[PDB]
Amino acid sequence: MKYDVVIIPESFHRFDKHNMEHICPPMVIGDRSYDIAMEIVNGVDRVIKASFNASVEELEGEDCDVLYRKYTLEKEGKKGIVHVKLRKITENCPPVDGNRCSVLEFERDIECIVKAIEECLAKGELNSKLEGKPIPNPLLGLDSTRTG
């Protein structure tokens, strides 16, 4: 048993007149055991809440997905939603196809997460696949935790 993380970063765009459809394809990495998964997620969580103006929300995933960590991102002039859901990669849940995050070490993994968010957020108002979940989050605030 391992856990396979699918991170879906998307700048939420309610389809406006013409140019407001921003979708970034999901990134899938499945090699982490639960213990290592929680460490990587916790670290990433702290980085997102400190390196960004992110308000996090925790949900439970659908069966195969054991955990669903929702992050509402705000960075300098950019806002998006990042949904990280963890699937239990098993013989019932095989490794899914998606974009592959450049995994190396913790620092590289987080930089890989940062580049994903920064790419999605910095591309902004464009036209893309017709999706986009504008999930309203009443909480607007980050969580102080500097790396030391």
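As recorded in the PDB header, solution NMR is the method behind this entry.

(A) Looking closely at the nonpolar core. With 23 residues, the main nonpolar core has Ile 48, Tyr 71, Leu 73, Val 82, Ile 113 and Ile 117 as its most contacted residues. Secondary structure elements with two or more residues in this core: β2 (27-32), α1 (34-51), β4 (65-75), β5 (78-89) and α2 (106-123). For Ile 113, the contacting residues outside a window of four places in its chain are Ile 7, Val 44, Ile 48 and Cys 101.

(B) Local environment of the layout of surface pockets. Computed from the structure, the largest pocket encloses a volume of approximately 160 Å³. Along the walls of the largest pocket sit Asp 4, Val 28, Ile 29, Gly 30, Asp 31, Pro 95, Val 96, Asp 97, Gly 98, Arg 100 and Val 103, which together make up its complete lining. At 4 residues, the largest contribution of residues to the lining of the largest pocket is made by β2. For the lining of the largest pocket, the residue count by class is 5 nonpolar, 2 polar and 4 charged.

(C) Representation of the environment of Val 41. Tracing the chain through its elements places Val 41 in helix α1. Ignoring any residue separated from it by four or fewer positions in sequence, one finds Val 41 in contact with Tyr 71 and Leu 86.

(D) Here's a closer look at the packing of aromatic side chains. One pass over the full model with this rule turns up 1 aromatic pair. Taking the centre distance of 5.3 Å and the plane angle of 65 degrees together, the rings of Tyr 3 and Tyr 34 count as edge-to-face. Remark: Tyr 34 occurs in helix α1 and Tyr 3 occurs in strand β1 (residues 2-10); sequence separation between them is 31 residues. The exposure class assigned to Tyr 34 is partly exposed, which follows from its relative accessible area of 41%. Stacked on the ring of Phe 52, the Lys or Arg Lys 75 has its end atom at 5.7 Å from the ring centre.

(E) Highlighting empty space enclosed by the protein. Its boundaries defined by the atoms lining it, the largest cavity holds a volume of some 270 Å³. Around the largest cavity, the lining comprises 18 residues; the ones closest to its centre are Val 5, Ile 40, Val 41, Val 44 and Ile 113. Elements supplying a minimum of two residues to the lining of the largest cavity: β1, β2, α1, β5 and α2. Among the residues forming the lining of the largest cavity, the class breakdown is 15 nonpolar, no polar and 3 charged.

What counts and how
Residues numbered from 1 in each chain as written, not as in the entry; some residues may be left out. Heavy atoms only, no water. Residues with missing side-chain atoms left out of burial classes, pairs and counts. Core = buried A, V, L, I, M, F, W, Y, C linked by side-chain atoms within 4.5 Å. Buried < 20%, exposed > 50% of the residue type's maximum accessible area, 1.4 Å probe, protein only. Helix = DSSP H or I, 4+ residues; strand = E, 2+ residues; numbered from the N terminus. Contact = heavy atoms within 4.5 Å. 1 Å grid on protein atoms, 1.4 Å probe; cavity = no way out; pocket = protein on both sides within 12 Å on 5 of 7 lines; lining within 4 Å. Points joined across faces, edges and corners; volume = space filled by probe spheres on them. Nonpolar A, V, L, I, M, F, W, Y, C, P; charged D, E, K, R; others polar. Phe/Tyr/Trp six-rings, centres within 6.5 Å; stacked < 30°, edge-to-face > 60°. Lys NZ or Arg CZ within 6 Å of the ring centre and 35° of its normal.

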